[PDB]
Amino acid sequence: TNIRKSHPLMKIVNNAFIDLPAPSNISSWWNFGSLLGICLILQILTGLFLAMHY
Amino acid sequence: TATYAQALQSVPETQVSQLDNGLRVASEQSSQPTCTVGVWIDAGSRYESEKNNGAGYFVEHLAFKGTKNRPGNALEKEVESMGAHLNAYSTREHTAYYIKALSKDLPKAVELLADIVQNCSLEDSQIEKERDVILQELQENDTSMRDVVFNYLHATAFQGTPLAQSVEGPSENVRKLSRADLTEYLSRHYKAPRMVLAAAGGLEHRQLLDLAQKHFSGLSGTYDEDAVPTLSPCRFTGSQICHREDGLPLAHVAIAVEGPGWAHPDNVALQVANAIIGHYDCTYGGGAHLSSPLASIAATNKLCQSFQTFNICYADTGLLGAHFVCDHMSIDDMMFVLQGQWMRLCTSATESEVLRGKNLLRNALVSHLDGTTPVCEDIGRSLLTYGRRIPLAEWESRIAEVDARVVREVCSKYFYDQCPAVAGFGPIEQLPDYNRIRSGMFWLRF
Amino acid sequence: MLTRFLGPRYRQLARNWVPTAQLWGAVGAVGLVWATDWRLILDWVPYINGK
Amino acid sequence: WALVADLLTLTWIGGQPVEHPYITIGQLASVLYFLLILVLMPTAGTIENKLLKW
Amino acid sequence: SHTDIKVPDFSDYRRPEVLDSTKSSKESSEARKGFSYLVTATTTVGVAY
Amino acid sequence: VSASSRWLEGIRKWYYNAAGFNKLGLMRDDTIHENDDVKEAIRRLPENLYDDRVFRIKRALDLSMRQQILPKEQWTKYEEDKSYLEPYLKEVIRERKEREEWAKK
Amino acid sequence: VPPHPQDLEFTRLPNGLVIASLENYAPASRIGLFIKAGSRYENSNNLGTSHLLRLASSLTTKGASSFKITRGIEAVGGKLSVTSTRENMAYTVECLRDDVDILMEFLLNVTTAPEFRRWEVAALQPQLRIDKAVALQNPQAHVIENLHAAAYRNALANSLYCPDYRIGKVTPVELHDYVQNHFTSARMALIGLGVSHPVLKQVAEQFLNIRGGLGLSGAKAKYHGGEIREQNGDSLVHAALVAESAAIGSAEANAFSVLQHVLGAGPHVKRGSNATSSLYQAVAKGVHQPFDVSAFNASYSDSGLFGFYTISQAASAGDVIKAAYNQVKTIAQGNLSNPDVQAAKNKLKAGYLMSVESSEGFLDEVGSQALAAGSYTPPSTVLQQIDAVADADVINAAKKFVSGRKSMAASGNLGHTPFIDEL
Amino acid sequence: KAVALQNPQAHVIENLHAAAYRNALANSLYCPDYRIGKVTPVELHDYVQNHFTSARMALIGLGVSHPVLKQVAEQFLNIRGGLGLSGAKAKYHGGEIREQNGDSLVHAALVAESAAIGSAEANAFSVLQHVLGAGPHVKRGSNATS
Amino acid sequence: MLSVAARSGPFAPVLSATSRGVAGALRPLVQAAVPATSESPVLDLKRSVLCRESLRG
């Protein structure tokens, strides 16, 4: 059947941000989790480039 | 009204007597119109060698098939005709033949028992007919997983000892055993000082004695002397025997540590802890609310179809453990929980639960000693294994003495960090590895 | 609402684990002491006076 | 929101020198932060239950 | 017929304290455990150092 | 009975309206936080109540989504608020405490 | 030298209830409440209700929750068991004598204050299936259940086990109704072992005064006849052949009981030839290899079934059944001895005496007697009763079976099992 | 089997036949439950070998030609080594079978031995069937002629 | 001699709290494990015979 569902890697992705059952309910206050994630990679990404010189 | 305590003092004292022979004739009179009489012999399979093995079992098959005075079929005709019941059994250390009969029939009952016990007409035609029968029995016994697992458990626990052997013997012995082989076994074993004439019911001990002298007179009189061995202790090994067979639908597992044996006072406490773990079967009413954590967790998570603790006693040794039946994917969990309970009891038995276990035992004992048969069997066995008959009042006293400290002390001695004897049959892919079963026999917090 | 854990059984349970909890503290004591070479404590121990 | 506001006060204070008004008001916001969490919110909860017949 | 199943002789592998069918393994259980546990005790002590 | 009871009752009716779940068509017991005791009681509800309870909650989640509310007419009037779950929960608590007493002995 | 025994004490309260007690100075106590609530009381709209009931002896009551019933009883190492037959339900309780009060209370609660809560009942339904599966693994049970469904059109045709279509469908209201209309004073008896009459009678007058059910031990079993067949492949064919005989307690019943022992019931000797068994010898003669045969004798409040039961190889069914029948026929035709009726007599009498040797059996005999006869008959008079069976009565019993409309149930590979038509 | 037995008629007619005959015709069109999973390939081989033979066979063609059929028959359907007659012989017996259910509707069939197909008595039964009444002729009718 | 059940023959089921469930009336099987070849399970989707609450010292 469907690859997204059974591939040992995608399963994760799929069950983490694709098929995951979520409340129809959650509002803007729920966006901060993903923004924290974005803040993290951003600090990692720019932070790295800063270390190639600092 | 009469208290429980008082009620124990009311139980008539078992009467003992000895013939100038070695035959101990013991009885317990009651007012019943019925009774049970019999011979308990210190003959088993723990007494046999690798080639005699199956001997006693073979003799039982011949026992009621003809004596010298009562040929081929007459003995039955007599028992049946008076409405009596003739039965027999053999374990690894004991052999019995007993009759259930109307009290007045006590005379003939005994006269018959004696005849069977001494004049066994092992006629070739029959010794031959019995071999196709015993062979058949083995074939059916093979379908009883439970019987197979305890045989396996013995086989490994007692590796290299006679106690390793099964009662019925191996098929090769069943087909090769000679009359000479049987004759020898009887003479070596069925002799006065190793057998007890027991009875329970409406009889007077005098009567019993009269009869013991009347029909059992003339065994070890001009006998005793040379060729009478003692039993050598049996080494317990602590190992595993896994018979893997995915064709069966439920797995049987039997684990045990080495027990002390018959005479050890430690048995009472061991029996109380067992009672706390108890048993379970899928038809038990009350699952989740059961007292035993094993049973309750077992029932709630459907971790098995049944389980039972046990304490099999042999002279100086024994098997102490539990047996269970479960689905292929539950063996691990079941093992974990069972072990968890032993450990818990070893390290932290609470006081309340020990009273339950005690109460369970008093109820089991008293409930078991109900009716002539069980009592006669208790007289006969007790004399063979205690030399005395232990009055309920004393067992109560012994039970009474157990409290929590005793439980966690006595359980620790036998269970804590000891090597189990493990026997597995069925779809046992998930039966834990021995190392891991052994690791579950102690715990790192303690 | 820790009253759920207050009764005879629980009291028996606590006594049963006392020797164990005591011994586990003996292990942690010596454990830190030895691992930091506790000058203060170790001076009392015969043969471990490496000064 | 008192808790939020009280943190905003704490932010403000921490950005000011340890002098005049600021000391004692800074010490007030402190006790408050702890009173609001350790005692006022738990109590309000019990009262709101009581008010619902719960 | 499952009664023909005897456990193979292990004498070839058994510790000397457990060679006799005549005698209890209880007597030497301590010593046998003693031995193997001392081995791990010492190891941990080594790794610790 | 008198002014006194009415005052407490009206203080209660006031909080109720302020709590504001009734605006979402909910009922007091619908807002109860689900724990072990609560899960079991929800489980013991008979078919009808359990069905109604799910639809109520669905109506609300749906509203809380688009952040709308029910017309005033359809709010759930105090008084008219059925504590359907209460008796079940009380019995579930009453059962547990019995095990808990038993566990002390 | 035991003390002289007590006498059983018996009392009929004017409301119908019976009380019986014996003070065996036993260390344990046995209390049982017997009720005419057996499966024959179910009707076509509520089958299996008394099974589910039989299984709910520990659901919550008023004044005792499930958990308490379980923990309370195991705390003293007591037992609570419920046992049924097509006529009675029998709740028995056991424990050491210092604990009868707590066990008596629990008993009263299970039998008189059951709550049957929706969710506890729902949780319990699957147990019917487990319970039935475990029983039906003995071929006899399906057979005897078919035997009865074939023999009667009524009441006694009901089975001890819930029909499969009813598993999961019995309702708490049906349980309430079954108890209300069957667990009443006039259909009840309270038997005590190790307790005292005044305590029993006190308990009875305080808690067992309930009346508002129905009356007689009958809808009335209509005997019908006909047979039921279940193809199987079990290697062994199981079969039972029966006719209407006599109601329990009537004098004809003891004739059947004796006939049963002439023909032959269970074995008396471990692995014997069964020399004194007319049936086993008669089949032996014409059949050489695996088989068992036994006379069968069920007796109820208003009817009874008598015949025999055979287990044989799929190909020997016909021969085993035919020979077995012919042997009864022989006794019906008058070819019965005197030392035979005597031996049978001695097997019956001794068997009875042995049957009430333990407490479990004494209490059950006493309980059932109380329920079927409203009295207690001592062993000496039962022996006298058997003793009054005459050779011709036994011959007549045999005669009645031969000429009466038959009932057969059989399961296995039936390819060689006769139809009735062909007997 | 589950799909067929969901029409009450099927269990009924299967019981009808098991009750009416002691033989052959008593067998059901569907496998007994105890046999599900137990029929063997050798049994299938044997069933075909002793029943799928020339003398127990007929080859019907629609839209084909006689010579092609007959050619096919003579080339591939010349197999004989089974049994012979259309019978072990159905012994009629009688008696009845009852299945408790709770279906709101009770389904029942009452029958007696009648006539073998093709015999003249069979057409009498066939006509009797229409006098008494078989299926409906009109969508939602009173069934006046029944 | 009432007690239809133990008058050996008809069926009697027993449900229990501590002990295992029973089915146990009268018919053969007894003189059948003798003319052998009588298997039986070894605990197939099952229970357990002889049952418990019978011990010793």
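Chain letters run A, B, ... following the sequence lines, proteins first, then strands; residues in each count from 1.
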If you draw the axis of the six-membered ring of G:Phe67, does the NZ or CZ of F:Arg96 fall within 45° of it and under 6.0 Å from the ring centre?
->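 So F:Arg96 doesn't make the cation-pi contact.
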Salt bridge (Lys or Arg N to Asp or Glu O under 4.0 Å) assessment of F:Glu101 paired with F:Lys97 = CA-CA 6 Å; F:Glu101 273 319 294; F:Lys97 295 192 156 288; over 6 Å; no
Salt-bridged, B:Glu353 to C:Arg9, with N to O below 4.0 Å?
->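 No, B:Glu353 and C:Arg9 are not salt-bridged.
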Inspect the contact between G:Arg117 and G:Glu115 and indicate whether a charged nitrogen and a carboxylate oxygen are less than 4.0 angstrom apart.
-> yes
With sequence neighbours excluded, tell me which residues meet salt bridge (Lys or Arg N to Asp or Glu O under 4.0 Å) with G:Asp164.
->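 If we apply the salt bridge (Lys or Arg N to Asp or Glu O under 4.0 Å) test to G:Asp164, skipping adjacent residues, the hits are G:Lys132.
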Apply side-chain hydrogen bond (donor to acceptor under 3.5 Å, both in side chains) to F:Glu98 and G:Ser65, showing your working.
-> CA-CA 9 Å; F:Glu98 185 177 17; G:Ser65 70; 2.7 Å; yes
For the [atom1] atom on [X], are there more than 12 heavy atoms of other groups (residues, nucleotides or ligands in this structure) within a distance under 6.0 Å?
| X | atom1 | value |
| --- | --- | --- |
| F:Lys58 | NZ | no |
| A:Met52 | CE | yes |
| D:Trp54 | CH2 | yes |
| F:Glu34 | CD | yes |
| C:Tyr10 | OH | yes |

Are side-chain heavy atoms of [X] and [Y] found at a separation under 4.5 Å?
| X | Y | value |
| --- | --- | --- |
| F:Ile42 | F:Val38 | yes |
| G:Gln125 | G:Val121 | yes |
| D:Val18 | D:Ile23 | yes |

Measure the [atom1]-[atom2] distance between [X] and [Y] for me, rounded to the nearest 0.5 Å.
| X | Y | atom1 | atom2 | result |
| --- | --- | --- | --- | --- |
| F:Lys104 | C:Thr3 | NZ | OG1 | 6.0 Å |
| B:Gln430 | B:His328 | CD | NE2 | 8.5 Å |
| F:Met27 | F:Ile32 | CE | CD1 | 15.5 Å |
| F:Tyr78 | F:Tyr15 | OH | OH | 12.5 Å |
| F:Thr76 | F:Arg56 | OG1 | CZ | 8.5 Å |
| F:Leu89 | F:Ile93 | CG | CD1 | 4.5 Å |

Hey, mind stepping through D:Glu48 and D:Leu52 against side chain to side chain contact (heavy atoms under 4.5 Å, CB included) and telling me if it holds?
-> CA-CA 6 Å; D:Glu48 296 164 319; D:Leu52 274 170; over 6 Å; no
For residues F:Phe21 and F:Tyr16, establish whether the separation of their ring centroids is below 6.0 Å.
->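 Centroid separation for F:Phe21 and F:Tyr16: below 6.0 Å.
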Taking it one step at a time, do G:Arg71 and F:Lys105 satisfy side chain to side chain contact (heavy atoms under 4.5 Å, CB included)?
-> CA-CA 12 Å; G:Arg71 295 310 189 83; F:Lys105 22 211 262 75; over 6 Å; no
Say whether G:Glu42 and G:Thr49, considering side chains only, have a donor N or O and an acceptor N or O under 3.5 Å apart.
-> no
Applying side chain to side chain contact (heavy atoms under 4.5 Å, CB included), run through D:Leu7 and D:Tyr33 and close with a yes or a no.
-> CA-CA 7 Å; D:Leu7 288 155; D:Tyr33 173 89; 3.5 Å; yes
Just one of F:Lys13, F:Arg12, F:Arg6 clears the salt bridge (charged side-chain N to carboxylate O under 4.0 Å, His left out) bar with F:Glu9, so which one?
->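 Going through the options one by one, the only one that passes is F:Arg12.
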Step by step, work out the side chain to side chain contact (heavy atoms under 4.5 Å, CB included) result for G:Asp131 and G:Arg54.
-> CA-CA 11 Å; G:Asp131 195 66; G:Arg54 172 164 92 247; 3.9 Å; yes
What is the ring orientation for G:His182 with G:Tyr178, classed by angle as parallel under 30°, tilted 30 to 60°, or perpendicular over 60°?
-> tilted
